[PDB]
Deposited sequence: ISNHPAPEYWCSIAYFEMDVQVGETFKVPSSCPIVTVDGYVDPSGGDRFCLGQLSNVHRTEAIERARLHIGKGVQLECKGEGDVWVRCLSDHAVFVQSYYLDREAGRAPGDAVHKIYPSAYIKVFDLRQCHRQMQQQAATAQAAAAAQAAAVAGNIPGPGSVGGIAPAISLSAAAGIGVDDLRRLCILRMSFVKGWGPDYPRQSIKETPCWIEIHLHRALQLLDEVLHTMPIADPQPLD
């Protein structure tokens, strides 16, 4: 009656450059099942999140460089109430961090033109109660399940010069709203801490 479910936005995107968020968070309306995050420069929001138009004083020569290659970037599409798919429209690779992709430890490098599924709401939901049960592990541990991280161009992980995503010249952190909505529900059921 007074609200829920159905989120206004189906996700939020926060661009980064090393350990600093650059530009402001991009909110994608649920009415926009597919969003494109490219290195171009159209400021107008809508379906495109252009990283090429974000300024940063700290920015270096190494990053101006990498940013140059984001290109057509990727796309994030919402299929089932809370299921997210990725499609690398870039000439360069993309490094995704996904738990669903682990069930199937990451740096799941996505290849140009690839169209992969990166998140399963149900699997997420399940896995939450999974943590709430054993507790009956805090909100910052479990909110991770509702999050996706994705580095453009460079990579990290246990096999590159860069150990953590906070080292890539440019990346993004995606929060899936529905997954968080289910998480707000689960949280109310983990009796006092």
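Stretches of the deposited sequence left without coordinates are 105-110, 143-176, 234-239, in sequence order.
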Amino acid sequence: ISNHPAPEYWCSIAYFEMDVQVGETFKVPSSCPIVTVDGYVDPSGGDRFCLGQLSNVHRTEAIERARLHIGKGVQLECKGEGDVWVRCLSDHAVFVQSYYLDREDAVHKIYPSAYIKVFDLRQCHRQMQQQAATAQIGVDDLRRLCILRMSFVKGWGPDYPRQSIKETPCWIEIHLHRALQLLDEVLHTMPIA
From here on, numbers count along this sequence of modelled residues.
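Take the two forms, find the largest set of C-alpha atoms that superpose within 1.5 Å, and that set is the rigid core.
Looking at 127-135 and 149-157, the one farther from the shown form in 5 other deposited structures of this protein by average CA distance, after a rigid core fit, turns out to be 127-135.
Larger root-mean-square CA separation from the shown form, computed after a rigid core fit of the structures in 5 other deposited structures of this protein, is seen for 106-114 when 93-101 is set against 106-114. As listed in the deposited structure, the average C-alpha B-factor of 176-184 and of 16-24 is greater for 176-184. Note on 126-134 vs 60-68: mean CA B-factor is higher in 126-134. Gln163: CA B factor lies in the highest third for its chain, per the PDB record. In the PDB entry, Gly157 places in the highest third of its chain by CA B-factor.
When the modelled residues of the chain are ordered by C-alpha B-factor, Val139 sits in the highest third. In the PDB entry, a CA B factor belonging to the lowest third of its chain's modelled residues is recorded for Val74. For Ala6, the recorded CA temperature factor ranks within the middle third of the chain's modelled residues.
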